[PDB]
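Examination of the molecular architecture
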Amino acid sequence: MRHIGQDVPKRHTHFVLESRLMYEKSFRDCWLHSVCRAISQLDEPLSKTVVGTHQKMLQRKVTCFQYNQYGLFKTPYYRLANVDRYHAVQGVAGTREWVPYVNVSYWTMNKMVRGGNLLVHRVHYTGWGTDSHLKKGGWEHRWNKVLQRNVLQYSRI
Amino acid sequence: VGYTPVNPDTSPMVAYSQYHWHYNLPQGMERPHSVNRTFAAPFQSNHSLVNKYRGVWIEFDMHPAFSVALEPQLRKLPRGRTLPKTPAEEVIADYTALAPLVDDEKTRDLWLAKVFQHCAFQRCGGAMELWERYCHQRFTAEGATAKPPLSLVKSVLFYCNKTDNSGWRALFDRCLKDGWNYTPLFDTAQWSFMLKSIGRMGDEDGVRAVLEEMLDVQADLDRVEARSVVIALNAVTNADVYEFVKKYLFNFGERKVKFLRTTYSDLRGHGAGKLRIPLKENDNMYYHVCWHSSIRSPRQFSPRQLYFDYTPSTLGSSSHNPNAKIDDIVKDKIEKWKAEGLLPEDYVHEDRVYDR
Amino acid sequence: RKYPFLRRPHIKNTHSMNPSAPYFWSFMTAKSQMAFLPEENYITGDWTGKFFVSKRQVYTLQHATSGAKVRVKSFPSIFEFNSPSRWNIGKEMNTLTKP
Amino acid sequence: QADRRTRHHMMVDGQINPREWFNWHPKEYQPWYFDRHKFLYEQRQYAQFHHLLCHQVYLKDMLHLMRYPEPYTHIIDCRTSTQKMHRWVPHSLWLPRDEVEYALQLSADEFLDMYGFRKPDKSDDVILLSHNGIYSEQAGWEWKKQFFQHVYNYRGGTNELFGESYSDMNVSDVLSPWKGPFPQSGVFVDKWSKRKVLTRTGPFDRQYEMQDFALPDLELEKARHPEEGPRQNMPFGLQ
Amino acid sequence: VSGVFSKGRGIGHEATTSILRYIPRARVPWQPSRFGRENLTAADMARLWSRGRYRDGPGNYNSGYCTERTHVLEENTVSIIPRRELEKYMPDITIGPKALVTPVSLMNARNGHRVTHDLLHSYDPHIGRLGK
RNA sequence: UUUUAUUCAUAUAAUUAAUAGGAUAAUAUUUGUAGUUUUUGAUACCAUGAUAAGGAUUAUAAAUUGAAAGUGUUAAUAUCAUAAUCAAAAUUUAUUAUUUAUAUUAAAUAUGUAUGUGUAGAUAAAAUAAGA
């Protein structure tokens, strides 16, 4: 149990496995927590049907239920620790320490690129790359283009 | 390199190495694999079927006019997949009162079969009175050859199975190939209930006879209930029967026997609660079922567990430890020459070196 | 070493300075004073005893009226809020530590 | 607390340790069944003769043939040692197993004038009967090697057909315990790291595993083992 | 001997183990002796389960359910404030077990879940199984 | 007798072994699959790879808008293939390139102390869509 049989060179690699549980619990409890927070914090009348003291009591009951929810995952995602699944190296998202698409640390990504383990295409180290969105505005412009492709193209009936 | 093995699927090195396909090639299909059409497999789900009838069917094919006529009475009797709560004695009285009025053998037999089925479902104690009242005078008094339809036989067998009655044997004997020949028409659930009832009866002879009849009539040996099979095989105290079961286990499938072992173990352990009647203690058959399942399952390889006490060769033992094997090998050679003709007989051989 | 804005990996590096009189409410507290108190002020289930109240709990009148001992975690092993007062009402415990 | 038989030594007594999982070729871990109860010539050790196995003939088939003989179905008796032969199988001609090799080489007339009956052709089906099916099975192997089409073997034999206890081969199924070191013919080395390992041969044999196994009888096994338990010289976690 | 656990108990029934011992069992070649979570005693299992959820569950001393009256830290032991004293200034809003479970119709919206527990309660008898 | 700049901020706390399929499928309660206990390198050691620093020189004249960034080694460091007693949640703990005078705290808790005539010594950087 305690370094008798582990079968792995790095024991910290189980932190990724237990963080997957955090993500699963977030997927479970995101809707309930969001609805409870919206109902509790909303001050204007909910609808024509319910107003005034009924709404106030409903808000207090909802926040009481939300507080009684023991184990409900309510944690900002940036507070979650990011560690690569291969070498247990920790990286901060938003810096060069972490690679978002591969979801591995900078050390692991560099090792896999120097070896034949990832299919990437080398470009100039001090440029913008092949992508036209990157060359025409940068990270924020590609961010906006991704948003436009994902959401801001549908009619949304 | 490293304790973590490389992934051969997404690694460009292995993907584009000499032993795989480079990316500067036509990238066409390597070979048109066809497995399912060359050799398909049957659908075998580990989970049981959720839409099966989970019971015994009676094939209530009553004439429509008589069904309309007896519908007020038939509402109490079970319909398709519906079991009303009407007590068995009430429908028994209704049938024994209104039977002469119907005046048609087919519908009378169908109604009596429904009554027997309802009594079996309610586990009513007294129902053989109706069978005695409407069976001897037509079917089995002494030599009557009138064959009953395949509803009364099913209902009576199911009632015997539910109530642990002893009258199942007469109809089972009369249903053989020589007589009514209704055995091929029987269902897997019918066989399972019969096996369970005879197992919780102490009738090893009956269990053996039913197993032989099923083997001859091509009954589903792998679709019968595992608990029912365990109950039937528990009562094998007789030697000849026990030997028959020993040679009979080979008919069942590997999965069937492997799960029969688990069913027997669970019933003799935690399964006493789920068993309606506690299972009678029979260690020999349980051990033989476990042994048969272990024999028929594929064998693994445990080198330490098999050769834990493997003594080394005498040569190595004499080389390493100071043992008498050095002269014992010479004595063995002398014994071999004595057994053969190379060495004269009636010649004594004493010790050669000092015993230490 | 630089890290994304308002996403410093250190969580306790925040040094709550001396409370500022002009605001005293829009600083280290809830953005709106019509919001409910956080969960730390309440009891969720049947516990066997709290070791020490967290620093995110807001201070209320019942803290000084009930008289029960309250303590938080700081640089030393523990810090108990001895001699309760009424001046610190509506403020969280992190604003009264000076780490 | 620790023993020579419980540690993970690589080689003991000047021989490769047979208890370690890494001292064995992985081909020995592959699934296999116990065929010790099927037939004498269906055993794994006779795999070199498995490609010459003949089709079976049963007692009911033999009785049917006896009641209704067929014009071109030859029933050949392979029982040698006629001192041990006492009864005549119906519609049967005697062809000794020792002379079958030369009988198939002989021509039609050379077979006729030497064995008293005409040689059955390849297209004609021939049923071979012996004491226990061993000699008849070897004869069937000879016939199939001589490319006869239908060569069936009656494995029930004279013992089943007449209630006789005669044995044609008297082969002892139980194999004598191994004496001597591991045969170097069974030593395998990996083709990359040049590490020598062991194979299931010699002292560590699948025949030895099939024998010395739990008997089908609970009373017999309980009498075989002491009252304490089946295995007690091993640790608690090794049983 | 440096044994992690001093005691252990079997799981198979006493009626079936005594007969199944005569049939050899194929153990794992690289680890024949297996000591799983079921073989632990009741007290050992309770301690291990309590320690398991140290981050979010009652595993942390200050989180609750610690059943310990004093905590030793920084070479200075500190006593525990009981629930009766705590509830004087912490108004209790406990609902009970009826709060953690959500209705069945909310399973789809909660991604196949009903209980709002610290641990994910699987509905299959193979993940959260302990012997039974 | 050539040009440019330099006040830089967190840092340790305790336990990591298994496979198990569900509606429209010719039927498996296998619904609900139940045999403790002979092993041990990193809660603290793997020494080996990358990186830092970092240079080379032929293009006559006409045409063309063209025909134009390349690294050993020495070093330090480290999370990888190699040598058992222990860092990652309870963070004070000091870790180089910062907003200077018309208007300055509203949504996850988001900085009250160095105005002083911009005044040393050392250190780094570039001939690159700029204009020595």
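Residues numbered from 1 in each chain as written, not as in the entry; some residues may be left out. Chains lettered and ligands numbered in written order. Part of a larger assembly, values for the part shown. Heavy atoms only, no water.

With that settled, consider the packing of aromatic side chains. Aromatic rings in a pair are described by how distant their centres are and how their planes are angled relative to each other. All names here are of chain B. Applying the stated criterion to the full structure yields 40 aromatic pairs over all chains. Measuring from centroid to centroid gives 5.8 Å for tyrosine 95 and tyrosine 134, while their planes differ by 75°, and the two rings are edge-to-face. Of this pair, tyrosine 95 sits in helix α3 (residues 88-102) while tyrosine 134 sits in helix α5 (residues 128-140); the two residues are 39 residues apart in sequence, bridging distant segments of the chain. Judged by its relative accessible area of 2%, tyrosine 95 is buried. According to the relative accessible area criterion, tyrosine 134 is buried, its value standing at 19%. (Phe/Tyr/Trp six-rings, centres within 6.5 Å; stacked < 30°, edge-to-face > 60°. Helix = DSSP H or I, 4+ residues; strand = E, 2+ residues; numbered from the N terminus. Buried < 20%, exposed > 50% of the residue type's maximum accessible area, 1.4 Å probe, protein only.)

Attention shifts here to the UniProt feature "binding site: UTP" (unreviewed entry) in chain B. Residue and element names in this part refer to chain B. Look at the UniProt record and you will see "binding site: UTP" (unreviewed entry) annotated at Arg123, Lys162, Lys196, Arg200, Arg227 and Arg276. Relative to the helices and strands, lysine 162 is located in helix α6 (residues 152-163). Setting aside residues no more than four positions away along its own chain, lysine 162 makes contact with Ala120, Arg123, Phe193 and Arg200. Secondary-structure assignment places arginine 200 in the loop between α8 (188-199) and α9 (204-217). Excluding residues within four positions of it along the chain, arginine 200 makes contact with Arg123, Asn161, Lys162, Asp164, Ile231 and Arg276. (UniProt positions renumbered as here; feature names shortened; annotations may be inferred. Contact = heavy atoms within 4.5 Å.)

With that settled, consider the protein's contact with RNA strand F. Neighbouring RNA strand F are 88 residues; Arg79(A), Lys31(C), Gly237(D), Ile23(E) and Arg25(E) lie closest to it. The sugar-phosphate portion of RNA strand F accounts for 52% of its atoms within 4 Å of the protein, the bases making up the rest. In the environment of RNA strand F, a phosphate oxygen lies 3.2 Å from a nitrogen or oxygen atom belonging to the side chain of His47(B). The separation between a base nitrogen of RNA strand F and a polar main-chain atom of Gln1(D) is 2.5 Å. Of all the secondary-structure elements, those providing two or more residues to the surface near RNA strand F are α3 (106-114) of chain A, α10 (226-234) and α12 (254-268) of chain B together with α1 (14-20) of chain E. Sort the elements by how many residues they give to the surface near RNA strand F and α12(B) lands first, with five residues. Its residues assigned to classes, the surface near RNA strand F comprises 30 nonpolar, 31 polar and 27 charged. (Near = heavy atom within 4 Å. Polar contact = N/O pair within 3.5 Å; in protein donor to acceptor, adjacent residues only side chain to side chain. Nonpolar A, V, L, I, M, F, W, Y, C, P; charged D, E, K, R; others polar.)

Let's shift gears to the interface of chain B and chain D. Listed per partner, the contact involves 29 residues of chain B and 41 residues of chain D. Per-residue buried area on chain B facing chain D is highest for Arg299(B), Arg304(B) and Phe308(B); these three make up 26% of the total on that side. The tally of links from chain B across to chain D stands at one salt bridge. The salt bridge involving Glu20(D) is made with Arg304(B); its shortest N-O contact spans 2.5 Å. Applying the counting criterion to the chain B and chain D interface returns 14 residue pairs in polar contact. Secondary structure elements with two or more residues in the side of chain B that touches chain D: α13 (283-296), α14 (303-306) and α15 (314-320) of chain B. Considering every element that reaches the side of chain B that touches chain D, the biggest residue donor is α13(B), with seven residues. Looking at the side of chain B that touches chain D residue by residue, the class counts come to 14 nonpolar, nine polar and six charged. (Buried area = accessible area lost by both parts, 1.4 Å probe. Salt bridge = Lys/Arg side-chain N within 4 Å of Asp/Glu carboxyl O.)

Another point: the arrangement of the chains. If you rank the seven pairs of chains in contact by how many contacts each has, first place goes to chains B and D. Note that chain A does not reach chain D: the shortest distance linking a C-alpha of one to a C-alpha of the other is 15 Å. The two units chain C and chain D are non-contacting; their minimal C-alpha-C-alpha distance is 40 Å.

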